[PDB]
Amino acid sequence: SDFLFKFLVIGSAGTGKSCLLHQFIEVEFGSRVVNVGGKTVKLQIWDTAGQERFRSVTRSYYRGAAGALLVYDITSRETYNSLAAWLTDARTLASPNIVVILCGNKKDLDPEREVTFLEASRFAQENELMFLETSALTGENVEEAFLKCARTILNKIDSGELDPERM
């Protein structure tokens, strides 16, 4: 493979993080080789193993990660309000250069929506994050979130924003 990246999927317990991973590959981790611009990027995506339901997430989970999905549940504002803390954790325990794509998950549960597309998209813009709404149940935008994250990493490598020899 031309690139090897450790990826996270972070956010509140119950937001669909493990289902996003399972949808993307098919669980402690998963790996999948994706083609971006004729280059194979091998992703090793670490699952939190439910630890965030019970305690702080171990810092060894974040360490060395190049990219992350930051996930909230569109039906739960409480998960949405938690995003800054997860993002700060990602940037402190992984690195300030982790590429993070915001995912409003459970898009298929639009009737019971509590977070608007537009307030979430403003959050992303304000925080230098790409944004998509996703469903792990149907699969809508799941592959694309992972692809967008990987694609952004390679663009920043290409433009000299990210030093690939330090990743």
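Residues carry their position along the shown sequence, with the first being 1.
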_If I compare the deposited sequence with the modelled residues, how many are absent between residue 126 and residue 127: none, 1 to 3, 4 to 9, or 10 or more?_
none
*Can you let me know which of the two, 128 to 136 or 45 to 53, has the higher average C-alpha B-factor in the entry?*
128 to 136
*If you average the CA temperature factors over each stretch, which comes out higher, 156 to 164 or 4 to 12?*
156 to 164
*Which is it among 64, 67, 37, 30: the one with the largest CA B-factor in the entry?*
37
*Among the chain's modelled residues, which third holds the C-alpha B-factor of residue 99?*
middle
*Ranked C-alpha temperature factor of residue 148 among modelled chain residues, by third*: middle
_Taking only the Cα B-factors deposited for this chain, tell me whether residue 19 sits in the lowest, middle or highest third._
middle
*asked:* Sorting by Cα B-factor within the chain, modelled residues only, which third would residue 105 end up in: lowest, middle or highest?
replied: middle
